[PDB]
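Here is the structure we will look at, set down as structure tokens.
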Amino acid sequence: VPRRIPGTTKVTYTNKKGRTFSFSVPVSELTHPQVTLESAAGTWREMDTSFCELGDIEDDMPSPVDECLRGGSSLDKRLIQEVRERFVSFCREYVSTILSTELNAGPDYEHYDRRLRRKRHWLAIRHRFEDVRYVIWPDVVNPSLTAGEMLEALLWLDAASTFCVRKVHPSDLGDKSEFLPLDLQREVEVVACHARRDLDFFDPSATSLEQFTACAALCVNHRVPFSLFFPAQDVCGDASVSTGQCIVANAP
Amino acid sequence: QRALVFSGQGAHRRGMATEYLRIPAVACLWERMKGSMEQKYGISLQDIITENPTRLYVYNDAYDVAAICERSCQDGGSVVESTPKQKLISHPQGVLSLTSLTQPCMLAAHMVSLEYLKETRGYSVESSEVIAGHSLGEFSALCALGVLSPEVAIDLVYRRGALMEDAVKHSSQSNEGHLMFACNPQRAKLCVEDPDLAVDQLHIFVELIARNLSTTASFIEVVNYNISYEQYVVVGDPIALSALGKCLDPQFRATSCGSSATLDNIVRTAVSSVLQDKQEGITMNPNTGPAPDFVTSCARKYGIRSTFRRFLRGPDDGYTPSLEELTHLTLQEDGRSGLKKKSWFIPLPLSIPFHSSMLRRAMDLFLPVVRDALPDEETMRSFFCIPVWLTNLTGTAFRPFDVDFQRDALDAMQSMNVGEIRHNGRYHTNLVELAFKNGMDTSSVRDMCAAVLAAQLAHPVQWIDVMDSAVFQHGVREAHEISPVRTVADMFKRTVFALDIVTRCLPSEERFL
Amino acid sequence: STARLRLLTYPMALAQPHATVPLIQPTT
Amino acid sequence: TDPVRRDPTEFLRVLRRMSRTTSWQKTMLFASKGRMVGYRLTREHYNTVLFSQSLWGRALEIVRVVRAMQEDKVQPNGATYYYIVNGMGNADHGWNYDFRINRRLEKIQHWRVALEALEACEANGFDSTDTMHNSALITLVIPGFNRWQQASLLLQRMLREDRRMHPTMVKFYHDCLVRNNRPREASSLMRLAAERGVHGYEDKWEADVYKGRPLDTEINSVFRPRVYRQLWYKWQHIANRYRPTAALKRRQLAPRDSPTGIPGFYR
Amino acid sequence: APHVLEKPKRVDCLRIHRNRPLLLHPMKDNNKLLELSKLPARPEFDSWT
Amino acid sequence: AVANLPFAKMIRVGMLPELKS
RNA sequence: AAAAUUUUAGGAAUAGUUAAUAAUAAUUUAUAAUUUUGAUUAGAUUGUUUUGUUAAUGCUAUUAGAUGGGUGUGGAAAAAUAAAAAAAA
């Protein structure tokens with residue numbers, strides 16, 4: 001009545017010279033349903049392999065963002081902060097010749113480090129940005145993320161977008177638009193709103209001056225007015241102001 | 001305050017005390033022991049220790065009740081002095097593996113190591129507050145305390161080994177029938193949350209196996225309790241020990257059937273599976289070495305190149321075993337047998353039911369020998385007037401006049417083993433109990449000590465209780481031991497009491513102390 | 001990865017975990 | 001294909017022979033192609049493949065075949081877990097010319113795979129030998145990356161389970177501790193090794209200096225599995241088994257203008 | 001200081017093709033070959049002590 | 001002619017797929 | 001820093017890789033570089049004044065010594081036992 005493991009057939013063949021060969025072949029195990037052994041610890045448990053990075057291009061590069069955004073509570077402040085810092089580290093570590101033989105596949109197993117690593121990193125960055133931008137930068141309706149860390153994350157994202165891969169191989173299975181720099185107009189607007197919400201955002205210090213220069217560059221590149229980085233009272237009474245005028249007026 | 005512990009039976013090796021004979025003090029004692037052995041029975045203890053053959057020649061009619069009755073206590077002998085050795089004792093393994101030979105050799109090793117310590121370090125046994133040992137460790141500890149002279153101790157251990165061999169011979173099943181296995185419920189995962197419940201469940205398992213197989217000649221029972229929750233040594237026939245191994249297997253506990261029901265039907269399904277496998281032809285000794293080295297020089301079928309060269313087994317000489325050698329891990333034709341070591345069911349090289357119901361006749365025959373061997377009551381009372389000696393029975397100090405000690409010893413004597421089953425056919429006597437009552441009548445402590453030194457041949461040794469008594473009430477903080485291989489230090493160190501105890505080996509770790 | 005793992009793979013009559021011998025059960 | 005070679009029992013026997021006497025590439029390619037075209041692969045086939053994969057100590061192939069087993073819905077036994085943990089432990093790693101042998105290990109994260117394999121092997125009801133735990137600890141501590149807290153937890157588990165300690169993992173853990181600047185843990189490991197009696201650390205015993213306070217490219221070495229130089233080991237011991245420090249070389253086992261037998265001496 | 005021992009001659013010359021004596025130079029300590037050799041061949045079955 | 005052994009029939013029925021509607 | 005001569009009976013792919021740039025780039029730019037005029041791994045052998053044989057374009061030999069770095073001393077690493085080297089009167 002209890003399940004019995006199938007036996008292995010033992011066959012002894014005597015060679016003409018006299019060399020006996022003994023074989024243990026599971027012919028019965030080759031057929032019939034595979035006997036399932038239920039684990040002692042309740043249900044059968046198996047190891048997952050959704051975190052290992054492999055050379056296959058059919059999937060995305062497994063990053064800690066993937067395991068953080070696997071269905072957790074997105075309203076948790078420390079979880080949001082950890083996701084933001086992991087994304088920042090990913091962008092920081094993120095910041096090629098056409099070979100015929102690799103057209104109908106990916107780069108070979110030996111040349112993974114020299115050709116496919118950057119492509120996988122850029123694809124992972126884009127795919128994680130498309131899911132994280134609305135969490136790191138909440139839409140304009142207290143905040144979960146501070147203006148400084150939001151600015152740092154946006155700067156790293158801009159650096160990744162500017163240093164994205166430019167050469168498009170015929171082996172690139174995705175759309176060619178994914179190899180182009182990102183559009184972060186909404187993110188820059190959100191950062192500007194969060195920076196104007198709190199006062200004393202800009203300081204005459206060297207680090208704050210660098211941050212102001214980075215914000216100006218972001219505004220110029222992403223077509224976002226620089227007036228949104230300052231309170232409207234300083235801009236009230238004027239029909240329209242330009243980014244250059246704002247910089248020359250608020251330069252410390 | 002430290003403790004002195006002697007080793008168990010298993011830790012016997014070839015060439016144990018050879019390096020310690022350089023000291024003249026050790027050499028004189030060793031020569032005395034050799035001369036006593038030659039005068040009494042004429043066996044070569046030095047030869048046995050130095051090299052371990054597969055067969056030895058001993059004096060004629062040395063193994064008989066006539067000798068055990070004539071010799072008594074330190075016989076003058078000399079009648080059989082140059083008589084030729086016309087009888088032999090053989091063993092498939094080394095001849096040292098025989099109990100009647102390893103016990104005298106191991107006691108001699110203990111004595112020579114003690115003399116070596118006493119000479120090199122000025123070691124003092126009286127420094128240790130409590131001294132204890134295993135079945136033969138107790139005889140060795142008595143000799144160390146000075147109750148028994150070394151020659152009489154050698155004679156007594158030889159006598160008890162011969163009686164154990166006689167009991168095995170009287171048992172209908174051959175030497176291969178008796179098997180000894182240590183069980184680990186903690187690794188076997190029998191409700192790991194409560195180790196005490198795990199131990200109780202293992203006891204229930206062995207009780208149920210014995211009850212279910214009482215209709216046949218098979219029997220299993222526990223022998224010693226070494227670790228509180230990790231080691232419990234049992235003995236029995238292969239037919240029942242395979243069922244015990246099946247029971248102590250999470251894969252069999254779950255995949256075969258149940259995994260949620262009571263444990264009573266586990267014994268029934270295990271014995272049914274064992275009967276099915278023995279009908280299917282599964283070998284009863286699968287754990288008998290992987291394979292020997294294969295070298296051939298026929299060249300008729302192997303070729304000239306392969307001759308006189310060892311056949312490499314695996315691409316890396318078996319550094320990573322293949323599926324054929326991992327039967328214990330993945331259940332295969334030999335792995336599915338119950339008698340397969342799986343890190344909780346550890347076989348032991350000994351194939352004798354040391355402490356079981358089979359040896360009650362051995363205890364009865366052995367009692368008079370100890371009775372005559374024990375020294376004068378004046379010396380015994382000099383030892384016992386107010387290092388205390390710890391007994392295997394009852395796991396407590398040996399107080400001759402303790403009212404609770406008399407009750408505890410009687411309880412131990414009348415207490416059957418956990419796996420022991422008795423019926424009308426089984427042979428048992430009250431001779432040991434009445435001898436202990438005669439001693440309790442306070443006629444002399446000689447009778448009491450001779451009954452307590454003979455009642456542990458069959459009764460199980462409560463080593464866990466021995467350790468608890470040594471540590472808790474006696475306040476022993478350092479528990480070192482004198483052993484050739486240092487196996488009992490592991491038992492001391494593995495148990496958790498939290499209090500801390502440090503274990504050392506006197507011969508091996510003399511440098512540390 | 002699932003597409004590559006299932007490439008040129010089809011379910012078998014007996015390879016299913018819930019299969020029984022013989023496959024169709026009425027009612028050397 | 002003729003029916004004789006189409007018979008899956010011939011497939012199993014030739015796969016087993018290939019695993020016994022070839023490299024990992026042969027077995028992996030043959031098994032993958034057979035699985036692709038007919039040849040229903042069973043647990044025996046998967047274990048035979050994992051045998052060669054563990055023998056050659058490769059992680060990417062092992063995770064690929066584990067994913068394949070998960071797709072094929074085959075319930076594995078303890079041999080698979082033993083093979084995968086041993087392969088993780090035998091994965092190559094070496095700092096040669098300021099250049100690591102394997103750059104893929106950091107991405108693969110073989111330590112987590114080894115830990116989960118050991119946990120699953122323990123949980124499902126299979127025996128746990130000392131080699132699997134030692135291999136897992138080796139995966140945890142190597143010159144590549146620093147993972148000492150989890151290794152310490154595993155060592156505590158081994159201590160309470162009374163499991164044997166291997167000199168290779170002892171040396172790796174000691175090097176990791178001294179590199180992470182934890183002399184207290186290094187001293188504890190040395191005491192444990194000295195008490196046990198490991199061949200490398202039998203004599204090495206030191207006193208406790210932290211008696212009054214409670215608890216709270218770098219390395220240039222190359223490690224490869226045994227199979228890489230098993231032939232060298234075999235011929236060295238066959239030629240000179242009485243002078244182990246002899247440096248077996250050319251012309252000791254083959255005359256001039258003749259092959260030495262072993263292709264790729266000293267890699 | 002037991003430095004009285006003479007220089008060892010453990011290296012032994014073996015005759016080769018043109019009778020040129022080949023000398024077996026002992027291996028240097030800074031290599032993994034001796035470390036691998038000192039370990040047991042079969043960890044599962046061979047004693048580790 | 002090896003292909004006409006009953007072992008070949010067993011291999012065929014093992015290789016037979018499941019046709020689900 | 002070069003140039004030329006470069007072995008195997010049954011012969012196919014090789015690779016931290018070519019060029020430009022610079023005291024750049026583990027992440028620049030480019031339609032890159034090696035190879036059937038025999039490459040790359042593997043086997044064999046210490047490379048272009050040495051012999052033997054013969055009348056002779058041939059055939060057949062030759063030696064000892066340069067085997068990675070890692071506080072990098074020194075002019076130069078050749079630096080871990082090995083003389084037919086007189087080395088501050």
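Letters A, B, ... mark the chains of the structure tokens in the order given; residue numbers begin at 1 per chain; ligand numbers begin at 1, in order shown.
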
Practice task
Can you check which residues of chain D have any atom within 12 Å of chain F? Use only C-alpha atoms and format it as a ChimeraX atom specification.
Solution key: /D:1-10,37-41

Handout entry: Contact residues (chain E, partner chain B, 12 Å, only C-alpha atoms) as number ranges by chain
Key = E: 36, 39-46, 49

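When the distance limit is 6 Å and only C-alpha atoms (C1' of nucleotides) are what count, the residues near segment 267-277 of chain B, minus those fewer than 5 positions from it on the same chain, are residues 243, 246 and 282 of chain B.
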
Can I get the selection written as a CSV table (one decimal), in the first residue's frame, with C-alpha atoms?
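Contents of part_5.csv, freshly written:
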```csv
chain,number,residue,atom,x,y,z
B,243,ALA,CA,12.1,-1.2,11.6
B,246,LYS,CA,12.5,3.2,9.3
B,282,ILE,CA,17.5,-6.1,0.3
```

Handout entry: Distance of atom CA of residue 372 of chain B from atom CA of residue 448 of chain B, expressed in Å to one decimal place
Key =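 Separation between atom CA of residue 448 of chain B and atom CA of residue 372 of chain B: 12.5 Å.
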
Exercise for the section: Extract the full set of alpha helix (DSSP H) residues from chain C according to DSSP on the backbone, and format it as a list in words. Expected result: residues 2, 3, 4 and 5 of chain C

Exercise for the section: Residues of chain G near chain E: apply a cut-off of 12 Å, count only C-alpha atoms (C1' of nucleotides), and supply the list as a PyMOL selection string. Expected result: chain G and resi 80-82

Take the residues just selected and output them with C-alpha atoms (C1' of nucleotides) as a PDB file, in the first residue's frame.
```
ATOM      1  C1'   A G  80      68.274  31.878  -1.994  1.00  0.00           C
ATOM      2  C1'   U G  81      73.702  25.174  -2.117  1.00  0.00           C
ATOM      3  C1'   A G  82      76.445  23.843  -6.143  1.00  0.00           C
TER       4        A G  82
END
```

Handout entry: Shortest interatomic distance to chain A - which of B:255, B:128, B:103, B:356, counting only C-alpha atoms
Key =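 Nearest candidate to chain A out of B:255, B:128, B:103, B:356: B:255.
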
Write down as a short mmCIF file (atom, residue, chain, number, x, y, z; two decimals) with N, CA, C and O atoms, in the first residue's frame the residues belonging to segment 182-286 of chain B that are assigned strand (DSSP E) by DSSP computed on the backbone.
```
data_model
loop_
_atom_site.label_atom_id
_atom_site.label_comp_id
_atom_site.auth_asym_id
_atom_site.auth_seq_id
_atom_site.Cartn_x
_atom_site.Cartn_y
_atom_site.Cartn_z
N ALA B 182 23.35 3.74 17.73
CA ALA B 182 23.05 4.94 18.51
C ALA B 182 22.04 5.78 17.75
O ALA B 182 22.23 6.06 16.56
N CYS B 183 20.98 6.19 18.43
CA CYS B 183 19.89 6.95 17.84
C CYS B 183 19.93 8.39 18.32
O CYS B 183 20.22 8.66 19.49
N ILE B 220 14.70 -5.76 20.68
CA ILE B 220 15.59 -4.61 20.77
C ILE B 220 15.37 -3.93 22.11
O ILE B 220 14.29 -4.01 22.70
N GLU B 221 16.42 -3.27 22.60
CA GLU B 221 16.31 -2.54 23.86
C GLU B 221 17.49 -1.58 23.99
O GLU B 221 18.55 -1.78 23.40
N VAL B 222 17.27 -0.54 24.80
CA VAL B 222 18.30 0.45 25.05
C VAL B 222 19.37 -0.13 25.97
O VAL B 222 19.10 -1.05 26.76
N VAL B 223 20.59 0.40 25.87
CA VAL B 223 21.73 -0.08 26.64
C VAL B 223 22.31 1.02 27.52
O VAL B 223 22.59 0.80 28.70
N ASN B 224 22.50 2.21 26.97
CA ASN B 224 23.08 3.31 27.73
C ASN B 224 22.46 4.63 27.30
O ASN B 224 22.06 4.80 26.14
N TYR B 232 21.19 7.97 22.17
CA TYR B 232 20.61 6.88 22.93
C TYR B 232 20.97 5.58 22.22
O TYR B 232 20.49 5.33 21.11
N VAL B 233 21.83 4.78 22.83
CA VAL B 233 22.35 3.58 22.19
C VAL B 233 21.42 2.41 22.50
O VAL B 233 21.05 2.19 23.66
N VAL B 234 21.05 1.66 21.46
CA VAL B 234 20.19 0.49 21.60
C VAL B 234 20.86 -0.67 20.87
O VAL B 234 21.77 -0.49 20.06
N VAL B 235 20.41 -1.88 21.20
CA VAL B 235 20.88 -3.09 20.55
C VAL B 235 19.68 -3.93 20.16
O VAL B 235 18.57 -3.76 20.68
N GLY B 236 19.91 -4.84 19.23
CA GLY B 236 18.86 -5.76 18.82
C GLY B 236 19.19 -6.50 17.54
O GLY B 236 20.28 -6.37 16.98
#
```

Problem - Expected answer as a PyMOL selection string: chain D residues within 6 Å of chain A, only C-alpha atoms - result: chain D and resi 107-108+123-125

Please write the residues from the selection above to a file, keeping N, CA and C atoms, as a compact mmCIF listing (two decimals), in the first residue's frame.
```txt
# COMPACT_ATOMS: atom_id res chain seq x y z
N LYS D 107 27.41 38.45 -9.41
CA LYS D 107 26.06 38.55 -9.94
C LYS D 107 25.24 37.30 -9.63
N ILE D 108 25.88 36.13 -9.64
CA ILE D 108 25.14 34.89 -9.42
C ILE D 108 24.64 34.80 -7.99
N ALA D 123 14.93 20.73 5.55
CA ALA D 123 13.50 20.83 5.81
C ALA D 123 12.73 19.66 5.21
N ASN D 124 13.05 19.28 3.98
CA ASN D 124 12.27 18.26 3.28
C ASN D 124 12.44 16.87 3.87
N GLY D 125 13.39 16.68 4.78
CA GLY D 125 13.58 15.41 5.44
C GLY D 125 14.71 14.56 4.91
```

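Around segment 41-52 of chain G, within 8 Å and counting only C-alpha atoms (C1' of nucleotides), the residues found are residues 257, 258, 259, 263 and 264 of chain D; 5, 7, 8, 60, 61 and 62 of chain G, once anything fewer than 6 positions away on its own chain is removed.
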
Problem - Neighbour list for residue 11 of chain E as a PyMOL selection string, cut-off 10 Å, only C-alpha atoms (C1' of nucleotides), skip fewer than 3 positions in-chain - result: (chain D and resi 243+245-246) or (chain E and resi 8+14+22-26)

Handout entry: Interface list for chain D, partner chain B, 10 Å threshold, only C-alpha atoms, as a count of residues only
Key = 52

Exercise for the section: Between atom CA of residue 441 of chain B and atom CA of residue 402 of chain B, measure the distance and give it in Å to one decimal. Expected result: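 Rounded to one decimal, the two atoms are 12.8 Å apart.
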
Please identify every residue of chain A that has at least one atom no farther than 12 Å from an atom of chain G, counting only C-alpha atoms (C1' of nucleotides), and for each give the shortest atom pair and the distance in Å to one decimal, arranged by chain then increasing number, as CSV.
```
residue,atom,partner,partner_atom,distance
A:91,CA,G:27,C1',11.7
A:92,CA,G:27,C1',10.8
A:93,CA,G:27,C1',9.2
A:94,CA,G:27,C1',7.3
A:95,CA,G:27,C1',6.3
A:96,CA,G:30,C1',9.5
A:97,CA,G:32,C1',7.2
A:98,CA,G:31,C1',8.2
A:99,CA,G:32,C1',9.5
A:100,CA,G:31,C1',11.1
A:108,CA,G:15,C1',11.5
A:110,CA,G:15,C1',9.3
A:111,CA,G:15,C1',8.9
A:112,CA,G:16,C1',11.1
A:113,CA,G:16,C1',8.7
A:114,CA,G:16,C1',7.6
A:115,CA,G:16,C1',11.1
A:117,CA,G:27,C1',10.3
A:118,CA,G:27,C1',7.7
A:119,CA,G:27,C1',10.9
A:121,CA,G:27,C1',10.6
A:122,CA,G:27,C1',10.9
A:159,CA,G:27,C1',11.3
A:160,CA,G:27,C1',10.1
A:162,CA,G:27,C1',11.5
A:163,CA,G:27,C1',7.7
A:164,CA,G:27,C1',9.2
A:165,CA,G:27,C1',9.4
A:166,CA,G:29,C1',10.9
A:167,CA,G:29,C1',10.5
```

Could you write out the selected residues, including N, CA and C atoms, as a short mmCIF file (atom, residue, chain, number, x, y, z; two decimals), in the first residue's frame?
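The resulting again_37.cif:
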```
data_model
loop_
_atom_site.label_atom_id
_atom_site.label_comp_id
_atom_site.auth_asym_id
_atom_site.auth_seq_id
_atom_site.Cartn_x
_atom_site.Cartn_y
_atom_site.Cartn_z
N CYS A 91 21.94 53.46 -9.85
CA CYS A 91 22.31 54.49 -10.83
C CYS A 91 23.77 54.88 -10.69
N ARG A 92 24.29 54.92 -9.46
CA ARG A 92 25.68 55.29 -9.26
C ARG A 92 26.63 54.25 -9.83
N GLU A 93 26.34 52.96 -9.61
CA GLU A 93 27.18 51.92 -10.19
C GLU A 93 27.01 51.82 -11.70
N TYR A 94 25.85 52.24 -12.22
CA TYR A 94 25.71 52.37 -13.67
C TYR A 94 26.56 53.51 -14.21
N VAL A 95 26.67 54.60 -13.45
CA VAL A 95 27.41 55.78 -13.87
C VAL A 95 28.74 55.86 -13.13
N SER A 96 32.14 48.45 -27.42
CA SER A 96 30.90 48.07 -28.08
C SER A 96 31.00 48.25 -29.59
N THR A 97 31.31 47.16 -30.29
CA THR A 97 31.42 47.16 -31.74
C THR A 97 30.49 46.10 -32.32
N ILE A 98 29.92 46.39 -33.48
CA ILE A 98 28.97 45.48 -34.11
C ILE A 98 29.69 44.22 -34.55
N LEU A 99 29.27 43.08 -34.02
CA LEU A 99 29.82 41.78 -34.38
C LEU A 99 28.73 40.95 -35.05
N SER A 100 29.04 40.42 -36.23
CA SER A 100 28.02 39.72 -37.01
C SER A 100 27.52 38.47 -36.30
N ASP A 108 28.39 36.39 -26.51
CA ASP A 108 28.77 35.05 -26.09
C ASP A 108 29.03 34.99 -24.59
N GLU A 110 31.58 34.03 -22.94
CA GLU A 110 32.88 34.52 -22.51
C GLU A 110 32.96 36.05 -22.54
N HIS A 111 32.28 36.69 -23.49
CA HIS A 111 32.31 38.14 -23.64
C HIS A 111 31.12 38.83 -22.98
N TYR A 112 30.56 38.21 -21.94
CA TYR A 112 29.46 38.83 -21.20
C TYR A 112 29.92 40.10 -20.50
N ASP A 113 31.15 40.10 -19.98
CA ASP A 113 31.62 41.22 -19.17
C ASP A 113 31.93 42.45 -20.01
N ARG A 114 32.24 42.28 -21.30
CA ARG A 114 32.68 43.39 -22.13
C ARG A 114 31.60 43.96 -23.04
N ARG A 115 30.54 43.22 -23.30
CA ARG A 115 29.56 43.72 -24.27
C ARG A 115 28.14 43.79 -23.73
N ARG A 117 27.08 43.57 -20.34
CA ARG A 117 26.86 44.08 -18.99
C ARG A 117 26.23 45.47 -19.02
N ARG A 118 26.77 46.37 -19.85
CA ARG A 118 26.23 47.73 -19.92
C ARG A 118 24.82 47.74 -20.49
N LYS A 119 24.56 46.91 -21.50
CA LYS A 119 23.23 46.85 -22.09
C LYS A 119 22.21 46.36 -21.06
N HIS A 121 22.51 46.58 -17.82
CA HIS A 121 22.38 47.60 -16.79
C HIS A 121 21.45 48.72 -17.24
N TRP A 122 21.58 49.17 -18.49
CA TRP A 122 20.71 50.22 -19.00
C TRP A 122 19.26 49.75 -19.09
N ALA A 159 22.05 61.45 -14.87
CA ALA A 159 23.37 60.98 -15.28
C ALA A 159 23.26 59.66 -16.04
N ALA A 160 22.41 58.75 -15.56
CA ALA A 160 22.21 57.49 -16.27
C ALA A 160 21.58 57.71 -17.64
N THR A 162 21.82 60.38 -19.52
CA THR A 162 22.81 60.98 -20.40
C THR A 162 23.91 60.00 -20.79
N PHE A 163 24.26 59.06 -19.91
CA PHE A 163 25.27 58.05 -20.20
C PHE A 163 24.65 56.73 -20.65
N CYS A 164 23.42 56.77 -21.15
CA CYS A 164 22.81 55.57 -21.70
C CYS A 164 23.53 55.13 -22.97
N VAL A 165 23.36 53.85 -23.31
CA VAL A 165 24.03 53.28 -24.47
C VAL A 165 23.49 53.93 -25.74
N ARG A 166 24.40 54.38 -26.60
CA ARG A 166 24.04 55.07 -27.83
C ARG A 166 24.08 54.17 -29.06
N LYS A 167 24.95 53.17 -29.08
CA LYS A 167 25.09 52.30 -30.24
C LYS A 167 24.04 51.19 -30.18
#
```

Problem - Nearby residues (only C-alpha atoms (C1' of nucleotides)) at most 12 Å from residue 4 of chain C, same-chain spacing under 2 positions excluded, as a ChimeraX atom specification - result: /A:56-59 /C:1-2,6-9 /D:32,35-36,64,67-68,71

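Here atom CA of residue 28 of chain E is placed at a distance of 26.1 Å from atom CA of residue 256 of chain D.
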
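When the distance limit is 8 Å and only C-alpha atoms (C1' of nucleotides) are what count, the residues near segment 70-83 of chain A, minus those fewer than 3 positions from it on the same chain, are residues 65, 66, 67, 86, 87, 135, 136, 144 and 145 of chain A.
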
Practice task
Would you mind telling me which residue in D:201, D:97, D:148, D:242 lies nearest to chain G when using only C-alpha atoms (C1' of nucleotides)?
Solution key: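 Distance minimum relative to chain G lands on D:97.
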